[PDB]
Amino acid sequence: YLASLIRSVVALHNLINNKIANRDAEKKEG
Amino acid sequence: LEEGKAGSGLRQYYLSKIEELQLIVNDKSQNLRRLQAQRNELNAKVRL
Amino acid sequence: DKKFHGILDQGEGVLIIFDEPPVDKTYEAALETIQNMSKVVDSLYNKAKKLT
Amino acid sequence: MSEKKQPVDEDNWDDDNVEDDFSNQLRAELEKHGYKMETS
Amino acid sequence: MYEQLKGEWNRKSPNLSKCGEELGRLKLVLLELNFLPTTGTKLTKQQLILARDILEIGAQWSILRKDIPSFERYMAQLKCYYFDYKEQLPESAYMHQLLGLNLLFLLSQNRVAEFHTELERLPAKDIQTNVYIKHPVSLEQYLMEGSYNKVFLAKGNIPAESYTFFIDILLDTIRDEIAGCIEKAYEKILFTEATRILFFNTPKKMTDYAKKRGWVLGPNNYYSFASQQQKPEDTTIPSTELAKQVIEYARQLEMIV
Amino acid sequence: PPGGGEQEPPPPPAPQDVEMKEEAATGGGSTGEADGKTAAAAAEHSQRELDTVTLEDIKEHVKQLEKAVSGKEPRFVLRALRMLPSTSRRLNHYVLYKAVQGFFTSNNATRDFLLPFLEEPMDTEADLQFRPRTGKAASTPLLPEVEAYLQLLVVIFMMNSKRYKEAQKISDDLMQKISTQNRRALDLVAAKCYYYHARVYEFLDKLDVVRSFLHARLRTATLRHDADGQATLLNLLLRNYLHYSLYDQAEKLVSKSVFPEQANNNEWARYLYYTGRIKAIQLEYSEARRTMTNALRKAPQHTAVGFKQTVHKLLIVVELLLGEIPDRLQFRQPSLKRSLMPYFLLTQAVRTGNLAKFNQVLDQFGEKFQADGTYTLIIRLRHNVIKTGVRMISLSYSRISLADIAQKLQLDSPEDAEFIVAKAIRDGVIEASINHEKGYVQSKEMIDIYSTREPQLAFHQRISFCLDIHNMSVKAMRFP
Amino acid sequence: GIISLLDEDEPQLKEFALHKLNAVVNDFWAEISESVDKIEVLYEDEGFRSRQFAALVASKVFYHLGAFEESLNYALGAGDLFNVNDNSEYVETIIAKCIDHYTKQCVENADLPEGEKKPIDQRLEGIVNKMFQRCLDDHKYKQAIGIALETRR
Amino acid sequence: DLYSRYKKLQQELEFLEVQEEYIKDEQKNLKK
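Protein chains in written order, with the authors' numbering: chain Z, 261 to 290; chain C, 11 to 58; chain X, 371 to 422; chain e, 1 to 9, 40 to 70; chain d, 1 to 257; chain V, 18 to 497; chain U, 7 to 159; chain D, 39 to 70.
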């Protein structure tokens, strides 16, 4: 259960924050 | 030529397709080379 | 009124007391996800603004 | 899209989802539940 | 030009020898124009209209000879005649019931998928018109009642036409459902209550059921013992495979890592 | 006359400004973008072209009007020429002809004279390089002009567009073939024109031969060069092969593949709606409900207006056959409202088990259903509602008697109730035991689903769904 | 639903069936996908002399459903009718499969180094020098030395 | 001549293919 609960929010920390910082540098550069 | 300069382009296309495929894998390596050198510099930061 | 934790039995007439069923891990999970719904929706403004 | 096929062919609205369940079932209801007093 | 062709359509055939002779005469038509793809000059499709009516009665001859592969052969041909890229064709006669012959034969074999896709030739006008199509779609409605009763009442009056062969197979596919549908699971159903659906008086079919089902043969009653049936636990084994589920689950946690 | 006469000159400079710089900045910009890098594609101007053509498809297209003579079509299509940097003189000559509209008496060179004009990039001797720019010159003047729909004698010019742009298709297959990267830019352009192919035919006659011509470009893109190209061609298939019989339903099995990777975004989201209506005729509800739900949540951004609303209307049709549906006005839009009113009260009669109310909806609102072609379900949806009515009662009660549920669901007879409950057990809908004497139905509470069983077993699909997105984020991170 | 016409063992119906197919095969490519099992009846029939052409229509169906190497296997036994067509696209896709299969076999042959030779079909090695005659006849010398580097022999 | 370079170009292809395990094995060590 925890392994199901942690990987859900750890993704929300990993997936969201990666997409944010990526497109901020990627598209604003070119 | 018919073997040939029409076919060899398709032969050269495979390499260029893999070259672009390799460049994609290289582009996956190039930005990943930075994650190394970064942490490698961070490995010098703990030594700094 | 929460002054008494238990349950009755109408047919056989035996009152059973159980304090068992806790709530601990669950509300600490779903309620944080409901707040996480405000993280993405508020970030949807950043998303659509930078792209178009 | 706008491409391809599709171009060719609180509020009370939110409560209206539940409110329409009142329309087809049990009215509101006062009068009927008020008539059930003296029935039995 | 050519022929004689339609002269054998009115008299039909006394035996299967003339049916093969008509198929042999149809071969000369298949050698020149065949089935397609001649647009024309649509006048070259006139003998195809003449070829349809004899292929329409050929499907009527195919159910008369009972041969299944030939029956779907005449239908699939005529299926592509109206599916052909030219939709303007003179009206025929036997086209009506043969669309229902393969329709009801395919209902007898229980396939639901190909049933509605055959009506897609004129799907919008199914409920609107073509009463010949209206009977099977109302017949399938009674199979979900189920019927049993209402089908046999509608089996009293049908145009039909030629459905007599298929309603006998519609029997067997319904008849074996009395054992399959009614249980599982009921407790006990009385003797004459099961006879009400099976009709007859005391047929050997219900006697064959007492053998096949087994199940139970009770006096003046039928029983589902024992009990209701087999009493599923279901199993205490799946605790094993639950540990198997954790194997790859913990492996997926190590894949990230 | 003097008031309206002095107001005629000012507007035409506006197409001489933005519409000029439309293909001057993008086309002149995509020149160097399509000469090299050319990674992928990208060539973001081809996607910027999606922000122009679709923007021009409202205003201004090439025309309008605008109170001009419609002389922008011949202007850019002549004098390509082209060569090394003197191509700027071509753009300079495009500025020189701007005064021709404002000074002399303006003349309309479109329509009849557009036939040799599409040959001019070939007659200029020579193009000499980019077909997509000439494909744009054979599309953007003519394809946005199709929106006029006058239907008289200019439809063959729309066909002449589909002719000379098929000559661009001749240059599409013959030229390059090795690291083209223009085809992937053309896969957006070839898509559009192939949609305009389908659209123009629908006004005259549905295309029988182009169906064979569709499989031509379909199969030939495999395996040599396929990116997003076969998907748009597969969209042409499933679009019209749906609306027209037959056998095209099961055709999706041998074609897929998928085809990966889904592009571009919402473009593949509607594709799941296409096969969604297909799988709805297959009678399978569970695979249909997930592909329809994914079709709405994966589709941005609209507006406007009812193009996304009408496709969403028929999208929830599979929910009517599911047996579990709420009131659909939560999906209602003020623009879609007026159109969904006959289709609204329908689902309101699905939540109830009354026959007199359900049959009255079919009689009055059946006229709106004729345009949708949804009549296939109305015969099997009666059996769907009776399952919802019995599920409402069976979930609300432990035991439910057949005689009490007889008239409450108005089955009216004990015998057909024994037939329904029997088939309800066959479909796994109800767990109720039945004690037959009169008879009656005596059920019991179903339990043991508990905790340790279902949630942790479902979490195997939840985490496997989440850990794949970790790779989806890494893959998307590797491109920048 | 013309698939049922293949049940007859009489030959003259088969040539008229394939005469319909190969013309509309472009539009019916999806329809040929279910003819697999009943094409093999003709391909394995000894009295059927069109098996050379039946191998081509067997290669089209497998190419439609995603099978490639199996179509190359039927290309071997397809006779001279398969290698006689140089037209359009279908010639360059088959030689990409055939010559690659040829050049990977020759590298394998050089690793023997001698003796214990693998079977080499005369049709796959036969089109090597046959299509190489199109080179010297076209006078272009640049790729004339290229084939010798390809096959390594 | 075009087959010549066709036999030349897969070198750096395969040379960068072994450069894939070059970094990937190096970076994980240095990561540890």
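We put the beta carbon where it would ideally sit given N, CA and C, even for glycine.
- Membership of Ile49 (chain d) in the alpha helix (DSSP H) is indicated by the continuous run 46-65.
- Taken atom to atom, the span from the alpha-carbon of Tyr457 (chain V) to that of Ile9 (chain U) is near 53 angstroms.
- Beta-bridge analysis with DSSP links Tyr41 (chain D) to no other residue.
- Around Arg267 (chain Z), no beta-carbon contact reaches into chain X at under 9 angstroms, the shortest distance being about 13 angstroms.
- For the stretch 484-497 of chain V, the residues whose beta carbon sits under 9 angstroms from a beta carbon of chain Z are, in order, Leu484, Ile486, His487, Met489, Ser490, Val491, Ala493, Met494, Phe496, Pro497.
- In this chain, the beta strand (DSSP E) harbouring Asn221 (chain d) covers 221-223.
- Only residues of its own chain outside the window of five on either side were considered, and among them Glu462 have a CB closer than 6 angstroms to the CB of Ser415 (chain V), listed in chain order.
- Beta-bridge pairing by DSSP links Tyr457 (chain V) to V:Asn452.
- The alpha helix (DSSP H) runs lying completely inside the stretch 412-453 of chain V and spanning 4 residues or more are 419-425, 431-443, given in chain order.
- Excluding sequence positions up to five before and after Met75 (chain d), its CB lies within less than 6 angstroms of the CB of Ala59, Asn102, all in the same chain and listed in chain order.
- For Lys188 (chain d), there is no enclosing alpha helix (DSSP H); the residue is found in the beta strand (DSSP E) stretching over 188-190.
- Contact annotation: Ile437 (chain V) and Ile403 (chain V) have beta-carbon atoms nearer than 8 angstroms.
- At least one beta carbon of chain U lies nearer than 8 angstroms to the beta carbon of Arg73 (chain d).
- The way I'd put it, the stretch 105-125 of chain d does touch the stretch 156-171 of chain d; three or more beta-carbon pairs between them come closer than 8 angstroms.
- Three or more beta-carbon pairs drawn from the stretch 48-66 of chain V and the stretch 201-210 of chain V are found closer than 8 angstroms, and the two stretches are therefore classed as touching.
- Short of 7 angstroms from the beta carbon of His214 (chain V), and not among the five residues preceding or following it, lie these beta carbons of its own chain, in chain order: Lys179, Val227.
- As the crow flies, the alpha-carbon of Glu289 (chain Z) is around 54 angstroms from that of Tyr467 (chain V).
- A distance below 8 angstroms separates the beta carbons of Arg140 (chain U) and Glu12 (chain C).
- Short of 7 angstroms from the beta carbon of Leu357 (chain V), and not among the five residues preceding or following it, lie these beta carbons of its own chain, in chain order: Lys330, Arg349.
- Within the same chain, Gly152, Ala155, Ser156, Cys210 come within 7 angstroms of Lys182 (chain V) by CB-CB distance, once the 5 residues on both sides are set aside.
- The residue among V:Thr393, V:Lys84, V:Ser47 with its C-alpha nearest the C-alpha of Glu23 (chain V) is V:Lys84.
- DSSP, reduced to helix, strand and coil, places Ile466 (chain V) outside both helices and strands of the structure shown, so it counts as coil.
- Nearest in C-alpha terms to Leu30 (chain d), of all of U:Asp43, U:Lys110, U:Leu71, U:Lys26, is U:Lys26.
- Neighbours of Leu272 (chain Z) in chain X, taken as residues whose beta carbon is under 7 angstroms from its own, are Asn406 in chain order.
- With contacts defined as CB atoms closer than 8 angstroms, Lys69 (chain D) and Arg49 (chain C) qualify as a contacting pair.
- Chain U has a Cβ within less than 8 angstroms of the Cβ of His232 (chain V).
- Contact of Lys69 (chain D) with chain U is not assigned, every C-beta pair being separated by 8 angstroms or more.
- Residue burial is scored here from C-beta neighbours: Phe53 (chain D) has fewer than 16 other C-beta atoms within 10 angstroms and is therefore classed as exposed.
- The beta-carbon of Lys15 (chain C) is placed less than 8 angstroms from the nearest beta-carbon of chain D.
- Taking a contact as a CB-CB distance under 8 angstroms, the pair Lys89 (chain V) and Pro32 (chain V) counts as one, their CB atoms being some 6 angstroms apart.
- The beta carbon of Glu161 (chain d) sits closer than 6 angstroms to those of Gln97, all from its chain and outside the five residues before and after it, given in chain order.
- In this structure, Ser94 (chain U) lies away from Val67 (chain U), with their beta-carbon atoms at least 8 angstroms apart.
- The beta-carbon distance between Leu87 (chain U) and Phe59 (chain U), rounded to whole angstroms, is 6 angstroms. This is short enough to meet the 8 angstroms contact definition.
- For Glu398 (chain X), the enclosing alpha helix (DSSP H) starts and ends at 397-421.
- Not a single CB atom of chain V sits nearer than 8 angstroms to the CB of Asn36 (chain C).
- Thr104 (chain V) and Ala150 (chain U) have their C-alpha atoms spaced approximately 40 angstroms apart.
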